[PDB]
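To start, the structure itself, in structure tokens.
Protein chains: 2
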Amino acid sequence: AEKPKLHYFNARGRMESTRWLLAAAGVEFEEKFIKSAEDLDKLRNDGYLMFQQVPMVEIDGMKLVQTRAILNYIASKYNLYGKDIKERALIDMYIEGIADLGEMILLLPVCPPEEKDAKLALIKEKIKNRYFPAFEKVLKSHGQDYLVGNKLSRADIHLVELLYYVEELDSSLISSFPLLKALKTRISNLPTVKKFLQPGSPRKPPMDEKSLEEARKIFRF
Amino acid sequence: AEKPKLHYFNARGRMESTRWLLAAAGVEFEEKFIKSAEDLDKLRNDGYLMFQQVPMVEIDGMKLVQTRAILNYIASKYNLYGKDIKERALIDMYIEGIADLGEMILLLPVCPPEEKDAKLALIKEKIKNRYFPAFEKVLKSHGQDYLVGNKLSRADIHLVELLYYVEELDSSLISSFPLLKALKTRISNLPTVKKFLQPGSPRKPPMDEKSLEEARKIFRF
Ligand SMILES: COc1ccc(CSC[C@H](NC(=O)CCCN)C(=O)NCC(=O)O)cc1
Ligand SMILES: COc1ccc(CSC[C@H](NC(=O)CCCN)C(=O)NCC(=O)O)cc1
Ligand SMILES: [Cl-]
Ligand SMILES: [Cl-]
């Protein structure tokens, strides 16, 4: 066959959820790091990018852009997208809420500086009052180890990734959600995830000021 | 099975793409209009909104929130999500680019007054240089009447819907893109879509200042 090839810059950004999903599925991948605007232009000029943007993933003869297109494909291929159309609907509903919260956290450092205090507070309010309660409620309702179908799915993976980012933001926020804490523990002990969490995997660190500036350069924003 | 029931306010907003897809599929549906913050609060209190937000669609016993979850389910249910995983990947890539552009357009009236003109100019540059070229290129690649698999899919529907919104912004934007023009025409003449475009359907008008203010009251922004 061949290893999926992930085109992005050397940072979490919009590619990190794909790294998590592939790693969780046990799929070895290669990365080709964009180091400059000229590298990105080369991808564009070569016809690699449908909308002149990355992430792009080379997989199974396709050149897929758009995070959701990439993740949907990987999830379906590796049986992490539930068993039927109704389980998929629960998965999609859950992971779109996850993606909303993740997007708020992702973009926080590019908030206008004058807006940062209020928005961080609103993110924390939403975690405590909206998102964490929603997921805790799902887990409490069925009492099962996984979010959907009593079986590992992408929803468990995407959620637990987000829990690591929320921990980085403020380690107290999960304190009143024992079922989310338990899910974090369980999923982090699955062999593929536990390996990804260990030093040496493709897992990327928090984006520092420098890495963000590098993004600003490469992507012209 | 129940008739799908769409919960939203009486406007396009985030529910319009669902109205388009159900109508195109020939699926009869009902709408219950949120008229006040109090109506929204009742749906929230009563447990029907996973993330305390609408759109919400009651379909097949589910209370589905998140537009992409709703659309993914409807598309699968009505054979508008292609015929295999690789077709779904093209569809997803295409409709995510459509959603990106649609989101820019949706949010224009909520731009700070002094940023709006520049935002519109940027949207127009993206239409002409990024998005319309990408979709024209797809249509020219196979020369067929539909974007994917030589068969109607959700991609054709979401795209043509967007072409109507672009027309409202500036009827000149499509002028250099004859294949998109022709898709607009053909999809608009499909019996179901034709009927949806005619008066007295659930299709919603452009949101005016009065409807935007109602949104501000109901959703408290
Ligand atoms: C907060 O950290 C980051 C770092 C990088 C990015 C940009 S990701 C690269 C970008 N892709 C997209 O915006 C795709 C979104 C599709 N829904 C990109 O390629 N930008 C170049 C461009 O748009 O011209 C965002 C936040
Ligand atoms: C430009 O016109 C509009 C009109 C209404 C809306 C808001 S749609 C209702 C809103 N839902 C969401 O934001 C869902 C997004 C999930 N990806 C909502 O229910 N707001 C209430 C709240 O968030 O508390 C946005 C632009
Ligand atoms: Cl993306
Ligand atoms: Cl939504």
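Going line by line, the protein sequences match chains A and B. Per UniProt numbering, the first sequence starts with residue 2, numbered consecutively. Per UniProt numbering, the second sequence starts with residue 2, numbered consecutively. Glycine residues also receive a C-beta, built at the ideal position from the N, C-alpha and C atoms.
- Three or more Cβ pairs closer than 8 Å define a contact, and the segment 29-39 of chain B meets that threshold against the segment 5-13 of chain B.
- Sixteen is the threshold: since fewer than 16 other Cβ atoms of the shown chains lie within 10 Å of the Cβ of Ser177 (chain B), the residue is exposed.
- The alpha carbon of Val55 (chain A) has as its nearest neighbour, out of A:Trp21, A:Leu65 and A:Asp61, the alpha carbon of A:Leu65.
- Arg15 (chain B) has its Cβ nearer than 6 Å to a heavy atom of ligand 4.
- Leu41 (chain B) is positioned such that its CB atom lies closer than 7 Å to that of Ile219 (chain B).
- Residue pairing by DSSP puts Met57 (chain A) in a beta bridge opposite A:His8 and A:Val66.
- Distance from the C-beta of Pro134 (chain A) to the nearest heavy atom of ligand 4 is not below 6 Å.
- Residues of the same chain with a CB within less than 8 Å of the CB of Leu198 (chain B), apart from the 5 flanking positions on each side, are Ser189 and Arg204 in chain order.
- The bridge partners DSSP lists for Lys33 (chain B) are B:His8.
- Of the residues B:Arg20, B:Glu97, B:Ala156 and B:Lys6, the one whose Cα lies closest to the Cα of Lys185 (chain B) is B:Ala156.
- The beta-carbon distance between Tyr74 (chain A) and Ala90 (chain B), rounded to whole angstroms, is 4 Å. This is short enough to meet the 8 Å contact definition.
- In the structure shown, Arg15 (chain A) falls within a coil segment according to DSSP collapsed to helix, strand and coil.
- Straight across, the Cα-Cα distance linking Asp61 (chain B) with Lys78 (chain B) is about 10 Å.
- The beta carbon of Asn151 (chain A) lies closer than 7 Å to those of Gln145 in the same chain, with the five residues before and after it left out.
- The beta carbons of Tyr166 (chain B) and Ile106 (chain B) sit about 5 Å from each other, so the pair counts as a contact at 8 Å.
- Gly201 (chain B) sits exposed, since fewer than 16 C-beta atoms from the chains shown fall within 10 Å of its C-beta.
- Just so you know, the alpha carbons of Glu104 (chain B) and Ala25 (chain A) end up roughly 31 Å apart.
- In summary, no residue of the segment 149-173 of chain A has a CB separated from any CB of chain B by less than 9 Å.
- DSSP, read as helix, strand or coil, puts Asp157 (chain A) in helix.
- At least one heavy atom of ligand 1 sits closer than 6 Å to the Cβ of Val55 (chain A).
- Cβ-Cβ separation between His159 (chain A) and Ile99 (chain A): approximately 5 Å, consistent with a contact (criterion under 8 Å).
- When the beta-carbon positions are compared, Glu97 (chain A) and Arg69 (chain B) come within less than 7 Å of each other.
- Neighbourhood of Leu65 (chain B) in chain A, by CB distance below 7 Å: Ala90 and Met94, in chain order.
- For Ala38 (chain B), same chain residues with a beta-carbon under 7 Å away, outside a window of 5 residues either side, are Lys218, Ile219 and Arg221 in chain order.
- Using a Cβ-Cβ cut-off of 7 Å, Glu97 (chain A) counts as an interface residue toward chain B, since at least one Cβ of chain B sits closer than that to its own.
- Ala70 (chain A) has a beta carbon lying within less than 7 Å of a beta carbon in chain B.
- Any Cβ of chain A closer than 7 Å to the Cβ of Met208 (chain B) would place that residue at the interface, and such an atom is absent.
- With respect to chain B, the C-beta atom of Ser142 (chain A) has no partner C-beta closer than 7 Å.
- Distance from the CA atom of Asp85 (chain B) to the CA atom of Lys120 (chain A), rounded to whole angstroms, is 41 Å.
- Short of 7 Å from the beta carbon of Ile92 (chain B), and not among the five residues preceding or following it, lie these beta carbons of its own chain, in chain order: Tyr82, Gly83, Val149, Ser154, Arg155 and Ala156.
- For the options A:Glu3, A:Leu23 and A:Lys6, the alpha carbon positioned closest to that of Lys196 (chain A) is the one of A:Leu23.
- Within the chosen limit of 6 Å, ligand 4 does not reach the beta carbon of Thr19 (chain B) with any heavy atom.
- Neighbours of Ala135 (chain B) in chain A, taken as residues at a C-beta separation under 8 Å, are given in chain order as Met51 and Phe52.
- For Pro207 (chain B), there is no enclosing alpha helix (DSSP H), since its DSSP letter is neither H nor E.
- Burial state of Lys87 (chain A) is buried, judged by a 10 Å Cβ sphere holding 16 or more other Cβ atoms.
- Distance from the Cα of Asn130 (chain A) is smallest, within the candidate group B:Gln53, B:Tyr132, B:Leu7 and B:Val139, for B:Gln53.
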